[PDB]
Amino acid sequence: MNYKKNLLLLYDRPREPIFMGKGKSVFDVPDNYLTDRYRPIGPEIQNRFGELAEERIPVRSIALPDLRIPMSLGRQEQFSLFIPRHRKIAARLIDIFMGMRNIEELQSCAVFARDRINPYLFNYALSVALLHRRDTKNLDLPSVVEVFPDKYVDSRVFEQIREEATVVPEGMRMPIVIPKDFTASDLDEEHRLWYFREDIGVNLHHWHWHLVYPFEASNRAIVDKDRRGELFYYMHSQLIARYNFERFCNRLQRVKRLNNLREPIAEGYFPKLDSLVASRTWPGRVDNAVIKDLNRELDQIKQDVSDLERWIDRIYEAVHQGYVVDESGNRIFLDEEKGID
Amino acid sequence: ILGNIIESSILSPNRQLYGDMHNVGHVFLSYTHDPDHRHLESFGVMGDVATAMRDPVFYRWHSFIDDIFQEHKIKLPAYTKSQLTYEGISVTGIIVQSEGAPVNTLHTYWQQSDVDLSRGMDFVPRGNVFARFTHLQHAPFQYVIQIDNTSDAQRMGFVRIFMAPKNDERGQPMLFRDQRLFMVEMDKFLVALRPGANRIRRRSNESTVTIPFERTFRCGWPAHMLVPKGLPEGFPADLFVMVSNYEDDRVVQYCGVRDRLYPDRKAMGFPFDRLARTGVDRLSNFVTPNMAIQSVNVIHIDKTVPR
Ligand SMILES: [Cu+2]
Ligand SMILES: [Cu+2]
């Protein structure tokens, strides 16, 4: 039906409020759906953005679970699935979208939530829901480059795109060239691998792989996919094989491993990205930075380097022993078949 | 078991888990100067068994390894008064005598010896090529041990002779816990004791720890290194002897032909490998009747004697 196509409009212009109109459509949002900052003047808006719209999508007012946890993450904050706390927030939102078992109720929940939660988080939570519900299946999700270009492009272009779009009329707009080999000069021999590290393609492949095979979700379903453990091993293992190949093609040696975490990290990297959602830039890492114990009270991270070292020591032991131990205390054997997985 | 685990002999019950600890250590220590081979340099002296003992770090690495073994030995139960008593046998004294020297006194010095290195000198005009080595040497001596039987039958016994330093840095009698680890084996031999009194005499050159000059120059500890150097002013040392019951120590099958068994059921370093039993505190109260202690003095003389 249309509903499937109407959800794809949510991906359009993630930070523009949902009442501003996406493509050649616009949403007819209830006033209790309007965000607290805009609701007190809301009417003056529905009128203001009503123009230039062919279609109007109606939206019914539904129950809506508590979105406390989803709203806990700031709107101008970054979102990563590696951070323990974010995992619990996303998994909770995913749970809401997942829990509305008709395509019309999903549309209503989405439209409401969209302007209250972190765009990056919304995009993830929706992407995961749509891809793994039955009614919304084999639906072509818009490329995350197109919805979040800030994670894929030198920040310098943004003020050129703003200039070009404001000054020059449509149709006469020049294509904006995206800078390549821009993160480091030739004093850093690492800069040669820009065409791999910083290539749009491979970064999209990595992001998407983690979409379809998360390690945290709910129940076994949508995490328990055949041999995902071996997949995780192999896929990442092939990344480095391919990287090591590309290294040899740039007169470099094989990538050296992180032997031990106490020794400095020789290779710094300033990524040159500016998050338009966080309105800040990503921090760089200097040459010879050292790993340090984390105490990020907000993010719910209290981890010492020694914790990491302890995990490694134990994993090595298991691998050499040839078996692991489950919570219960029993032994499971790392055999030829399922060991790697 | 632990020995095969540490250093890794194929006899290790699980090489994969407990590793190749001693050997890998020798390699690490020998490659500090070029660990990734970027300088195309070979290993230092600690990387070859032939030369490893030349480096001081050898003794540090081997010292560590020993502490690990010790950690096991201190878990073993102390030898009971019973276990190291020989009912009937009593050692009443041990002494040492060198020709032209007071009783209970050992002497050391330097000595040049000659070796033909001719067979090893490639592309050198044929002939003899004698090299003069200077090395520590000790004056010959002999132990004299007074043992009483008081049984009425011929008693078999193992004579076990160790020597350690006498005192600490503060100048007192060393405590057992410390001293037990500094005892160096000097001899171990079988003896037949007649009823009543027995005077046992044993030459330094009969030592079962040592092998003759002729074997080295022409496996066994070098004979000339049997005695510590000592000081010019004299170095105080406790000489210790124990007679154990050979019937228990016997093993029915430098020391004849080597290819079968170790001929002693007791642990290696047997009197002192384990911790002291309750109440014991120093050597002089560790002793049982069938043991004896003697103050020896080790004198060095900086001179070069001929052979
Ligand atoms: Cu990954
Ligand atoms: Cu060694």
# chains A, B, ... in the order shown; residues from 1 in each chain; ligands from 1

$ residues_near_ligand --ligand "ligand 1" --cutoff "7 Å" --atoms "only C-alpha atoms and all ligand atoms" --output "ChimeraX atom specification"
/A:206,210,236

$ residues_near_ligand --ligand "ligand 2" --cutoff "10 Å" --atoms "only C-alpha atoms and all ligand atoms" --output "JSON, numbers by chain"
{"B": [7, 22, 23, 24, 25, 26, 46, 47, 48, 49, 52, 53, 58, 59, 61, 62, 65]}

$ residues_around --residues "residue A:211" --least-positions-apart "4" --cutoff "8 Å" --atoms "only C-alpha atoms" --output "list in words"
residues 127, 128 and 207 of chain A

$ atom_distance --atom1 "atom CA of residue A:148" --atom2 "atom CA of residue A:216"
23.3 Å

$ closest_atom_pairs --of "chain B" --to "chain A" --cutoff "9 Å" --atoms "only C-alpha atoms" --output "JSON lines"
{"residue": "B:14", "atom": "CA", "partner": "A:321", "partner_atom": "CA", "distance": 8.9}
{"residue": "B:16", "atom": "CA", "partner": "A:320", "partner_atom": "CA", "distance": 5.9}
{"residue": "B:17", "atom": "CA", "partner": "A:320", "partner_atom": "CA", "distance": 5.7}

$ closest_atom_pairs --of "stretch 229-336 of chain A" --to "stretch 82-93 of chain A" --cutoff "8 Å" --atoms "only C-alpha atoms" --output "CSV"
residue,atom,partner,partner_atom,distance
A:299,CA,A:85,CA,5.7
A:300,CA,A:85,CA,5.9
A:301,CA,A:84,CA,7.1

$ write_last_selection --atoms "C-alpha atoms" --output "PDB file, in the first residue's frame"
ATOM      1  CA  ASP A 299      27.390   7.145  29.120  1.00  0.00           C
ATOM      2  CA  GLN A 300      27.469   4.460  31.853  1.00  0.00           C
ATOM      3  CA  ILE A 301      31.103   3.461  31.213  1.00  0.00           C
TER       4      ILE A 301
END

$ select_by_dssp --residues "stretch 120-288 of chain A" --states "alpha helix (DSSP H)" --output "PyMOL selection string"
chain A and resi 120-132+144-147+158-167+194-197+200-212+228-248

$ atom_distance --atom1 "atom CA of residue A:133" --atom2 "atom CA of residue A:94"
11.0 Å

$ select_by_dssp --residues "stretch 193-250 of chain B" --states "strand (DSSP E)" --output "list in words"
residues 193, 197, 198, 199, 200, 201, 202, 203, 210, 211, 221, 222, 235, 236, 237, 238, 239, 240, 241, 242, 243, 244 and 245 of chain B

$ write_last_selection --atoms "C-alpha atoms" --output "tab-separated table (two decimals), in the first residue's frame"
chain	number	residue	atom	x	y	z
B	193	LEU	CA	78.98	-49.38	58.86
B	197	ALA	CA	82.39	-47.08	65.93
B	198	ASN	CA	83.33	-46.28	62.31
B	199	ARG	CA	85.87	-43.75	60.98
B	200	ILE	CA	84.87	-42.83	57.41
B	201	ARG	CA	87.39	-40.99	55.22
B	202	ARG	CA	86.56	-39.55	51.78
B	203	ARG	CA	88.86	-37.66	49.39
B	210	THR	CA	82.42	-33.73	40.14
B	211	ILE	CA	84.27	-35.17	37.11
B	221	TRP	CA	80.71	-30.32	37.43
B	222	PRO	CA	84.40	-29.27	36.96
B	235	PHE	CA	85.18	-16.94	54.53
B	236	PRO	CA	83.09	-18.75	57.23
B	237	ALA	CA	81.00	-21.73	56.08
B	238	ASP	CA	78.91	-24.52	57.67
B	239	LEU	CA	79.86	-28.02	56.49
B	240	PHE	CA	76.94	-30.44	56.92
B	241	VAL	CA	76.75	-34.24	56.65
B	242	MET	CA	73.76	-36.60	56.93
B	243	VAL	CA	73.64	-40.41	56.99
B	244	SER	CA	70.26	-41.63	55.71
B	245	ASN	CA	68.93	-45.21	55.75

$ atom_distance --atom1 "atom CA of residue A:156" --atom2 "atom CA of residue A:276"
12.2 Å

$ residues_around --residues "residue B:91" --least-positions-apart "6" --cutoff "7 Å" --atoms "only C-alpha atoms" --output "list in words"
residues 146, 147, 148, 289, 290, 291 and 292 of chain B

$ decode --residues "stretch 148-250 of chain B" --atoms "C-alpha atoms" --output "PDB file, in the first residue's frame"
ATOM      1  CA  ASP B 148      78.472 -44.878  65.759  1.00  0.00           C
ATOM      2  CA  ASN B 149      76.287 -47.920  64.975  1.00  0.00           C
ATOM      3  CA  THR B 150      74.879 -49.111  68.361  1.00  0.00           C
ATOM      4  CA  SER B 151      72.614 -51.634  66.571  1.00  0.00           C
ATOM      5  CA  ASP B 152      74.417 -55.035  66.540  1.00  0.00           C
ATOM      6  CA  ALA B 153      74.176 -55.399  62.737  1.00  0.00           C
ATOM      7  CA  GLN B 154      75.943 -53.975  59.671  1.00  0.00           C
ATOM      8  CA  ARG B 155      74.013 -50.818  58.694  1.00  0.00           C
ATOM      9  CA  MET B 156      73.978 -49.449  55.133  1.00  0.00           C
ATOM     10  CA  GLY B 157      73.773 -45.654  54.776  1.00  0.00           C
ATOM     11  CA  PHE B 158      73.942 -42.789  52.274  1.00  0.00           C
ATOM     12  CA  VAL B 159      76.470 -40.075  53.159  1.00  0.00           C
ATOM     13  CA  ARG B 160      75.060 -36.716  51.966  1.00  0.00           C
ATOM     14  CA  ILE B 161      77.452 -33.750  52.215  1.00  0.00           C
ATOM     15  CA  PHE B 162      76.423 -30.129  51.571  1.00  0.00           C
ATOM     16  CA  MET B 163      78.137 -26.793  52.330  1.00  0.00           C
ATOM     17  CA  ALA B 164      76.555 -23.339  52.774  1.00  0.00           C
ATOM     18  CA  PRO B 165      77.642 -19.900  54.111  1.00  0.00           C
ATOM     19  CA  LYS B 166      77.639 -19.653  57.918  1.00  0.00           C
ATOM     20  CA  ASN B 167      76.370 -16.149  58.726  1.00  0.00           C
ATOM     21  CA  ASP B 168      74.172 -13.308  57.414  1.00  0.00           C
ATOM     22  CA  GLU B 169      75.072  -9.682  56.509  1.00  0.00           C
ATOM     23  CA  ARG B 170      74.686  -8.699  60.191  1.00  0.00           C
ATOM     24  CA  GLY B 171      77.211 -11.350  61.311  1.00  0.00           C
ATOM     25  CA  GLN B 172      74.914 -13.888  63.067  1.00  0.00           C
ATOM     26  CA  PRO B 173      74.043 -17.575  62.321  1.00  0.00           C
ATOM     27  CA  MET B 174      71.866 -17.667  59.174  1.00  0.00           C
ATOM     28  CA  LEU B 175      68.313 -18.947  59.737  1.00  0.00           C
ATOM     29  CA  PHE B 176      67.195 -22.220  58.143  1.00  0.00           C
ATOM     30  CA  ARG B 177      64.559 -20.721  55.805  1.00  0.00           C
ATOM     31  CA  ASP B 178      67.395 -18.670  54.251  1.00  0.00           C
ATOM     32  CA  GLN B 179      70.334 -21.071  54.591  1.00  0.00           C
ATOM     33  CA  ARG B 180      68.528 -24.151  53.199  1.00  0.00           C
ATOM     34  CA  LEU B 181      68.552 -22.560  49.712  1.00  0.00           C
ATOM     35  CA  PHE B 182      72.303 -21.781  49.810  1.00  0.00           C
ATOM     36  CA  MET B 183      73.457 -25.357  50.580  1.00  0.00           C
ATOM     37  CA  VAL B 184      75.583 -26.698  47.689  1.00  0.00           C
ATOM     38  CA  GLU B 185      75.925 -30.495  47.364  1.00  0.00           C
ATOM     39  CA  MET B 186      79.554 -31.598  47.881  1.00  0.00           C
ATOM     40  CA  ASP B 187      79.259 -35.420  47.852  1.00  0.00           C
ATOM     41  CA  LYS B 188      76.816 -38.348  48.095  1.00  0.00           C
ATOM     42  CA  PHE B 189      78.115 -41.935  48.474  1.00  0.00           C
ATOM     43  CA  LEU B 190      77.130 -45.344  49.905  1.00  0.00           C
ATOM     44  CA  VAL B 191      78.874 -46.629  53.057  1.00  0.00           C
ATOM     45  CA  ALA B 192      78.803 -49.884  55.071  1.00  0.00           C
ATOM     46  CA  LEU B 193      78.975 -49.379  58.855  1.00  0.00           C
ATOM     47  CA  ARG B 194      80.239 -52.062  61.278  1.00  0.00           C
ATOM     48  CA  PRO B 195      78.692 -52.325  64.805  1.00  0.00           C
ATOM     49  CA  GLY B 196      80.193 -49.880  67.317  1.00  0.00           C
ATOM     50  CA  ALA B 197      82.386 -47.076  65.929  1.00  0.00           C
ATOM     51  CA  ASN B 198      83.335 -46.280  62.314  1.00  0.00           C
ATOM     52  CA  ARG B 199      85.865 -43.748  60.977  1.00  0.00           C
ATOM     53  CA  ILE B 200      84.873 -42.825  57.412  1.00  0.00           C
ATOM     54  CA  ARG B 201      87.388 -40.990  55.222  1.00  0.00           C
ATOM     55  CA  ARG B 202      86.557 -39.551  51.784  1.00  0.00           C
ATOM     56  CA  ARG B 203      88.863 -37.659  49.393  1.00  0.00           C
ATOM     57  CA  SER B 204      87.753 -34.476  47.593  1.00  0.00           C
ATOM     58  CA  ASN B 205      88.575 -36.130  44.254  1.00  0.00           C
ATOM     59  CA  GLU B 206      86.130 -39.012  44.936  1.00  0.00           C
ATOM     60  CA  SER B 207      83.182 -36.562  44.832  1.00  0.00           C
ATOM     61  CA  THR B 208      80.048 -37.796  43.019  1.00  0.00           C
ATOM     62  CA  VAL B 209      79.183 -34.167  42.089  1.00  0.00           C
ATOM     63  CA  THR B 210      82.424 -33.728  40.141  1.00  0.00           C
ATOM     64  CA  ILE B 211      84.269 -35.167  37.111  1.00  0.00           C
ATOM     65  CA  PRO B 212      88.103 -35.333  36.758  1.00  0.00           C
ATOM     66  CA  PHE B 213      90.335 -32.741  35.112  1.00  0.00           C
ATOM     67  CA  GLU B 214      91.185 -35.169  32.321  1.00  0.00           C
ATOM     68  CA  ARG B 215      87.566 -35.349  31.114  1.00  0.00           C
ATOM     69  CA  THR B 216      87.169 -31.559  30.708  1.00  0.00           C
ATOM     70  CA  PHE B 217      90.553 -30.662  29.172  1.00  0.00           C
ATOM     71  CA  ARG B 218      92.081 -33.947  28.000  1.00  0.00           C
ATOM     72  CA  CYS B 219      78.032 -34.809  32.434  1.00  0.00           C
ATOM     73  CA  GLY B 220      79.710 -33.538  35.616  1.00  0.00           C
ATOM     74  CA  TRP B 221      80.709 -30.321  37.428  1.00  0.00           C
ATOM     75  CA  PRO B 222      84.398 -29.274  36.965  1.00  0.00           C
ATOM     76  CA  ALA B 223      86.611 -30.527  39.802  1.00  0.00           C
ATOM     77  CA  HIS B 224      88.540 -27.255  40.221  1.00  0.00           C
ATOM     78  CA  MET B 225      85.211 -25.472  40.849  1.00  0.00           C
ATOM     79  CA  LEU B 226      84.154 -27.852  43.671  1.00  0.00           C
ATOM     80  CA  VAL B 227      85.101 -25.359  46.406  1.00  0.00           C
ATOM     81  CA  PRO B 228      83.878 -21.719  46.474  1.00  0.00           C
ATOM     82  CA  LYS B 229      86.617 -19.085  46.231  1.00  0.00           C
ATOM     83  CA  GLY B 230      86.294 -17.679  49.757  1.00  0.00           C
ATOM     84  CA  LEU B 231      88.150 -14.529  50.871  1.00  0.00           C
ATOM     85  CA  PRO B 232      91.844 -13.735  51.597  1.00  0.00           C
ATOM     86  CA  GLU B 233      90.788 -12.988  55.196  1.00  0.00           C
ATOM     87  CA  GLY B 234      88.867 -16.299  55.254  1.00  0.00           C
ATOM     88  CA  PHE B 235      85.177 -16.944  54.533  1.00  0.00           C
ATOM     89  CA  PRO B 236      83.091 -18.753  57.232  1.00  0.00           C
ATOM     90  CA  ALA B 237      81.005 -21.732  56.084  1.00  0.00           C
ATOM     91  CA  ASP B 238      78.912 -24.517  57.670  1.00  0.00           C
ATOM     92  CA  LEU B 239      79.863 -28.024  56.487  1.00  0.00           C
ATOM     93  CA  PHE B 240      76.936 -30.435  56.917  1.00  0.00           C
ATOM     94  CA  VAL B 241      76.745 -34.245  56.655  1.00  0.00           C
ATOM     95  CA  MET B 242      73.758 -36.603  56.931  1.00  0.00           C
ATOM     96  CA  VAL B 243      73.644 -40.413  56.988  1.00  0.00           C
ATOM     97  CA  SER B 244      70.255 -41.631  55.708  1.00  0.00           C
ATOM     98  CA  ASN B 245      68.930 -45.210  55.753  1.00  0.00           C
ATOM     99  CA  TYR B 246      70.082 -46.600  52.379  1.00  0.00           C
ATOM    100  CA  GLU B 247      67.451 -49.366  52.570  1.00  0.00           C
ATOM    101  CA  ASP B 248      64.719 -46.731  52.095  1.00  0.00           C
ATOM    102  CA  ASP B 249      66.835 -44.657  49.666  1.00  0.00           C
ATOM    103  CA  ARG B 250      67.963 -47.680  47.592  1.00  0.00           C
TER     104      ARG B 250
END
